[PDB]
Amino acid sequence: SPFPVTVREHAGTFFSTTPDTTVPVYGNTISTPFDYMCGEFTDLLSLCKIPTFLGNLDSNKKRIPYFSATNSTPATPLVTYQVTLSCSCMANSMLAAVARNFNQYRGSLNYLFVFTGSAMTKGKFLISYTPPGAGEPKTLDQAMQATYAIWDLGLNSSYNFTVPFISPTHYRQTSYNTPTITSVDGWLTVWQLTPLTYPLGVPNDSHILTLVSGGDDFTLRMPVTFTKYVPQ
Amino acid sequence: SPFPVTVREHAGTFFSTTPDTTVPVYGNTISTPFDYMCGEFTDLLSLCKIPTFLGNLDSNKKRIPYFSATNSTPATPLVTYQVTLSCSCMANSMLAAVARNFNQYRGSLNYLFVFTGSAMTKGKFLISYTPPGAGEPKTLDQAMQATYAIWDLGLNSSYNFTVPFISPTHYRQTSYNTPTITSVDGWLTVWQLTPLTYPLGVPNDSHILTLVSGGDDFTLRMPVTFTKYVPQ
Amino acid sequence: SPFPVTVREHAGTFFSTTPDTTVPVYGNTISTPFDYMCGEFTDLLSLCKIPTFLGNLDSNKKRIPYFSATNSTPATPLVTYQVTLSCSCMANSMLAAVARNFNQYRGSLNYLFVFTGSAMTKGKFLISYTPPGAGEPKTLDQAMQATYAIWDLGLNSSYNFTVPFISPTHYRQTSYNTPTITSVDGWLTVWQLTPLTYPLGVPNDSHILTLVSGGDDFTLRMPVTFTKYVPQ
Amino acid sequence: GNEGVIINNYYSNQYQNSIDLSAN
Amino acid sequence: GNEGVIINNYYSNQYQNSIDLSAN
Amino acid sequence: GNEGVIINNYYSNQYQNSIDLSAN
Amino acid sequence: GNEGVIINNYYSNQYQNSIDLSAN
Amino acid sequence: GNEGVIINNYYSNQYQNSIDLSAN
Amino acid sequence: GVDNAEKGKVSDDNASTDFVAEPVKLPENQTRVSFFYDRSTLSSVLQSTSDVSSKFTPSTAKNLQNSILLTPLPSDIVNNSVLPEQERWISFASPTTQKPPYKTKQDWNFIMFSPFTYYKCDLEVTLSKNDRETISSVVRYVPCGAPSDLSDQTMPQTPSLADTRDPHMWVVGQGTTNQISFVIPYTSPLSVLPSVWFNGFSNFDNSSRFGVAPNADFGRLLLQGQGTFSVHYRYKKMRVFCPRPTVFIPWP
């Protein structure tokens, strides 16, 4: 006999994210075999962990994947990156590209620096991560009072620096209208501890490539659409 | 094959209190961990049992959390509270605040009195609960003919008085348009048995704090919305 | 009690290919017995494997089921069939008739040639299948550089030639607007290796019947409707 | 052919379909 | 609280409800 | 991914979804 | 006669149909 | 009285009906 | 700590490597490719001015055709093609504004975020009428690369689109809810589809439009009946291959 039904108040509604399927109109069809394929990946996090380039500003305000250093120790940081997946600095990194499609993140961030100067060039940098609350570090004295690692040049070319996940909340926002304590987490500044030093016949300026990616315990969640824009 | 259905006469109706759920549009989402939290409570009754302040009238018709007593024994009660969770007297107590959102109650009521006079002040009060039927008690002779307890001042500062649940019905209304035998249950009056007595150098007036709450076997039921009002 | 239901956004839609049945309005009816019947077939592929006639062009542009050969060896192929189930050449073969109602095919194709000349006539043909990429073979030298079989006349009248399924994709389109690498697969050309030879009193022209069909491992898939036309 | 439903047909097989029978 | 249906929820528990998890 | 229904799919798996097959 | 549904009647047999009873 | 449905009530008995209780 | 990026890969560290810290990982799986793409996103729009019982005829009106090419990539009439074909670039609808809408159809969310070279999946399509006027429409689904069959009616006053064995849908009446949804299997003859670019031609004389793969779609949708309908795509059992760059975003 027919079953009595109570039509809910949302009849006919199309839920773009309902966790259910719809009617198949061309079933019993074989999906063209692709067993020969390679390169498949199943988690978008894989992408977030691939170190990608940061956009630094050239002397002519042009965007370049590195910063310069020479035979001197500035009283100010060579570069300053605000730790937000919203930083214009990492706007075109795979990390940010993926994060733009998610609401929150959690975990470590890896800032990879690759020294491209000559083999004869030496020097030491102090990479610091300053948590918020007391503002951006104004001096080396302040920067070294927070989380930091000293990078010494030599045989190995790069330094993998991790910005520890230090937050009042378990998750942090990927973007924001105005900075809040849940969307902005401090700064990463790299200072010149000792001047880049070298012999004669070597260009005064050395270029350090800069990249970012999510660390080992980095995660993103809540799929969303980012603010649309016109390509150019 | 498709199932025959009989669409009930209430199709499309939105039942605000249907005991069923609706469609999830963003599932497989983790609720931000909060295991570190404390202070959680699961029953609103917990609140009803917390003794909260009664609003007594000041000589200038101002509302105060206590009443006065001195070296004399008035022929009339110092205070009179009609036992109704609707009493203007307990209007701002947590008990009444919660009860306003429920239809009926049942069980004991606790009226807590705290003597705030000096340590040198002594005295005895007769707290009486008069069930209805013969009207409010006009004299001490009448008051002591109903349920009562004699409160003697001393080392212990407060007296926890219980208004027994005496009713023709198992449950009683929380509010009413006009008083009925199921919404009004008598009066609680506190009399001065012996005058407050004290030595020289002590202020003549002593203040007794007054509070209410549901007793050990107190319960409320049937969630409802109280008569709205404009805050001020 | 009535069951709460969520009416999907496609209510009332008639799906011509839904894999479900509809309501029976005259059940418990016996299908007139037909157990005496013969000739039943259950797979349309059976039809595709039956060799059927190709349409060759007559000297007056008329369509005939064969081509001519004589006492000479032309520097050009006697016939050229582009391997596409869309070839106008096989347009009226059962293979093409069935394929027109399917989207893709896969597997071998059998081109059957039947020599109808006299018993006194001899000769050898070189049947070649040239995969695409370098265009149609212009000479015998080019044709014999691809897949080919030499057909020698004699006691047995016909030659069953197979066009191997050589494709960049697992399946190939049955038809197309413009030729693509997934809808056109090369050419089958038959050349005269040695001239048809014979004694006196024998007509100079011999007729070779030409047929096509799907091979042993030939399959079709995805039922569709072909471009309609007006019979004539 | 084109029978892709998990749950059994709501109508009896004798009603949903014609009843096939052999005269021998 | 206000869960009065005999048959189980049509949607998974992980989808119908937020997933509760302890960070410790 | 986004499969949160308790009861099995009403349509066969071969109809509801494309049939995955290996050519080897 | 014309009873071709697999699943049992939703309504009790005593409600769906008249109750047949013998007076003897 | 007038309960002629084979399948159990979709709503819990405590929700579909008033809960009867003895005060003794 | 130190490393060498020239290797082609460096370790994925957490705070414990260089400092006195602990891993802080929490389970999460909303980043899985299948889950991420398993949701409906606006991907196309369709418009028809002819009734149900009539002969379907390809038409365009202010950049809206009455048929669609099922592909997340940009599609539109290309060089006066009879039906929409896959485009190689996106153009503004207006010749002046230099602002969207674009004249080309696509799943903006897919184009803006497709960090892979190839993809495989089934397609759940949703078609919705843009206004509340009672719907009365017939839609024909044509498998990838199959004949469009834009023929005449074989019988008077019948929707020519329904005159086929191809999967087709017919919705009409005040009992309906002005929409249609269904799922189709991957039907392309290709094993996997190129998600962004196809570095090659589609024909043997290499005369096609370089950059577009042959039969890289899920078929087409032809519609007849009055109205404008928006289309959504939902990628079922989505699988992706070979990581690649995302669309560049202007520097803030």
Side-chain angles (χ1 to χ4, degrees), chain A residues 1-25 27 42-45 48 85 98-99 101-108 165-176 180-183 185 214 217-226, chain B residues 1-44 46-47 50 94 97-98 100-104 171 174-175 220-231:
Chain A
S1 198
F3 299 108
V5 299
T6 291
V7 177
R8 287 297 297 268
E9 69 290 346
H10 54 217
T13 302
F14 162 49
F15 294 98
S16 71
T17 50
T18 178
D20 203 359
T21 57
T22 190
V23 43
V25 300
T42 55
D43 201 310
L44 295 173
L45 265 189
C48 298
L85 301 187
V98 180
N101 303 287
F102 288 97
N103 195 203
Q104 302 163 178
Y105 82 96
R106 176 190 173 83
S108 307
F165 184 73
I166 305 180
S167 170
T169 55
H170 281 138
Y171 299 107
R172 301 191 64 70
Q173 299 299 300
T174 285
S175 58
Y176 58 77
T180 57
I181 60 180
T182 69
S183 55
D185 221 60
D217 55 2
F218 176 80
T219 62
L220 284 167
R221 66 172 194 147
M222 288 182 227
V224 298
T225 288
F226 189 69
Chain B
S1 198
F3 299 108
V5 299
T6 291
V7 177
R8 287 297 297 268
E9 69 290 346
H10 54 217
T13 302
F14 162 49
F15 294 98
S16 71
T17 50
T18 178
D20 203 359
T21 57
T22 190
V23 43
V25 300
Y26 210 47
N28 204 44
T29 300
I30 291 176
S31 192
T32 305
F34 61 105
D35 51 295
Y36 71 92
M37 272 304 276
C38 303
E40 161 166 33
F41 61 99
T42 55
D43 201 310
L44 295 173
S46 303
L47 304 168
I50 304 173
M94 180 57 82
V98 180
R100 277 196 284 278
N101 303 287
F102 288 97
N103 195 203
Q104 302 163 178
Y171 299 107
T174 285
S175 58
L220 284 167
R221 66 172 194 147
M222 288 182 227
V224 298
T225 288
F226 189 69
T227 308
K228 298 194 189 62
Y229 65 84
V230 183

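Below, chain A is the first sequence line, B the second, and so on; all start at residue 1.
Contact tally against chain B (heavy-atom pairs below 4.5 Å) for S1(A), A11(A), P223(A), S16(A): the top residue is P223(A). Chain A forms more heavy-atom pairs under 4.5 Å with one residue of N28(B), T6(B), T18(B) than with any other, namely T6(B). Chain A forms the most heavy-atom pairs under 4.5 Å with one residue out of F34(B), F3(B), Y26(B), and that residue is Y26(B).
The closest donor-acceptor contact from the side chain of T17(A) to the backbone of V25(B) lies under 3.5 Å. In this structure, the side chain of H170(A) does not engage the main chain of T32(B) through any donor-acceptor pair within 3.5 Å.
Of all the heavy atoms in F218(A) and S108(A), the pair that sits closest is CB-O, 3.4 Å. Residues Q104(A) and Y171(A) come closest through the heavy atom pair NE2-CB, 3.3 Å.
Heavy atoms closer than 4.5 Å to chain B are found in the side chain of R221(A), but not in its backbone. Only the backbone of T13(B) comes within less than 4.5 Å of a heavy atom in chain A; its side chain stays farther off.
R8(A) CZ to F15(B) CZ: the interatomic distance, rounded to the nearest 0.5 Å, is 9.5 Å.
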